[PDB]
Amino acid sequence: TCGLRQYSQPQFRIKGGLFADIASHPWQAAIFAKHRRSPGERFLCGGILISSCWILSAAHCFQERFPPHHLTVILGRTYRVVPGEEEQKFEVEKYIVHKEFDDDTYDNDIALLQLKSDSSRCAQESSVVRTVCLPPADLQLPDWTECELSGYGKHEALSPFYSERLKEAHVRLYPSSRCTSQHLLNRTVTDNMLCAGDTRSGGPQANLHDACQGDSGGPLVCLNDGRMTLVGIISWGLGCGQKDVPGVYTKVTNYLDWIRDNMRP
Ligand SMILES: *[C][C@@](*)(=O)[C]([C][C][C][N]C([N])=[N+])[N]C(=O)[C][N]C(=O)[C]([C][C]C([O])=O)[N]S(=O)(=O)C1=[C]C2=[C][C]=[C]C(N([C])[C])=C2[C]=[C]1
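Residues numbered from 1 in each chain as written, not as in the entry; some residues may be left out. Heavy atoms only, no water.

The deposited coordinates derive from X-ray crystallography, with the record listing a resolution of 3.35 Å.

The next thing to look at is the nonpolar core. In terms of nonpolar packing, the biggest core is built from 49 residues, with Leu56, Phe62, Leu71, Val73, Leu75, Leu113 and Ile259 touching the most fellow members. Contributions of two or more residues to this core are made by β3 (28-33), β4 (43-51), β5 (54-57), β6 (71-75), β7 (88-97), β8 (111-116), β13 (227-236) and α1 (256-261). The element best represented in this core is β4, accounting for six residues. For this core, the domains that each give at least three residues are domain 1 (14-25 + 132-253) and domain 2 (26-131 + 254-263). Excluding residues within four positions of it along the chain, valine 73 makes contact with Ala30, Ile31, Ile55, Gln88, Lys89, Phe90, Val92, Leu113 and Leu115. (Core = buried A, V, L, I, M, F, W, Y, C linked by side-chain atoms within 4.5 Å. Buried < 20%, exposed > 50% of the residue type's maximum accessible area, 1.4 Å probe, protein only. Helix = DSSP H or I, 4+ residues; strand = E, 2+ residues; numbered from the N terminus. Domains from an automatic or database assignment. Contact = heavy atoms within 4.5 Å.)

So, about the domain arrangement of the protein. Here the domain parsing of the protein yields domain 1 (14-25 + 132-253) and domain 2 (26-131 + 254-263). Once you take the C-alpha centre of each, domain 1 and domain 2 turn out to be 19 Å apart. Opposite the 43 residues of domain 1 that make contact, domain 2 presents 38 residues. Its largest share of buried area at the contact with domain 2, domain 1 owes to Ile22, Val132 and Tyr152, together 21% of the area lost on that side. Here domain 1 is connected to domain 2 by zero salt bridges. On the surface where domain 1 and domain 2 come into contact, there are 25 residue pairs in polar contact. (Buried area = accessible area lost by both parts, 1.4 Å probe. Salt bridge = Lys/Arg side-chain N within 4 Å of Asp/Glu carboxyl O. Polar contact = N/O pair within 3.5 Å; in protein donor to acceptor, adjacent residues only side chain to side chain.)

Around the ligand lies a shell of 14 residues, among which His60, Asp210, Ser216, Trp236 and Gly237 are the nearest. Separating a nitrogen atom of the ligand from a side-chain N or O atom of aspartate 210 is a distance of 2.7 Å. Here an oxygen atom of the ligand and a backbone polar atom of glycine 214 are 3.2 Å apart. Contact with the protein chains covers 64% of the free accessible surface of the ligand, which is 850 Å². (Near = heavy atom within 4 Å. Areas by Shrake-Rupley, 256 points an atom, 1.4 Å probe, with all protein chains shown as cover.)

Here it is, written out as structure tokens:
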């Protein structure tokens, strides 16, 4: 079912996180967008699998207004481009994006895609493709809760390249007091956003854990009820790993109902 995984101690540290086997987060999904008339794919963003034919992703990831049949959802993959053996692939049937996505503030950064399969089922559950558990509407994990995010994004802001292997990073949910515009260069922070990041620093330069460009649409999960539960979606942030500066995620809880209604048969 959900929030289950055959984890493994990741071994290959990286500036920004540490390398991790897809098996560790079997709900991680790679969304590839193609260019003008089949010249090739391109890593666009990440996806959180919530059901056999429904993946959650970031709203801003689709600013480009892609034609439905121009995105491909790939699951069960450890390497961004190197085809995994147990990987599963699906074409995008259709995809919604929050009707109020304020592009200026990433307000309401969330979108849903529907996997194209001639049947009411697409992705068959497996050890490399499994669904995450949505948060219960009443969930409210404590301050600084130890959570962990994953994706195929960049290893730092200015890097012209995406990670050839699924990176994983562990962070702490921030207290409401710190998740405010004052802490984030005056930029705006709405009540559908949540901050979480690494709290370490000081030592003569460190590689702090945090998502980065390419990581959007990915998950920010936390253990809850012995399972892994989606708490936030990777939305935005001041660079990648800045001292004292958290990353901003989407409160999955707030959009529970939107995620619900929007799945209409
Ligand atoms: C779509 C997703 O891959 C990413 C995820 C970013 C995750 N970052 C993190 N630290 N966890 N989404 C985005 O990149 C959305 N855009 C941003 O987050 C931008 C990136 C630009 C940058 O390098 O600062 N940051 S922003 O907060 O929305 C923004 C920041 C900023 C800072 C200074 C000056 C300006 N201008 C141009 C006035 C901006 C503008 C926007």
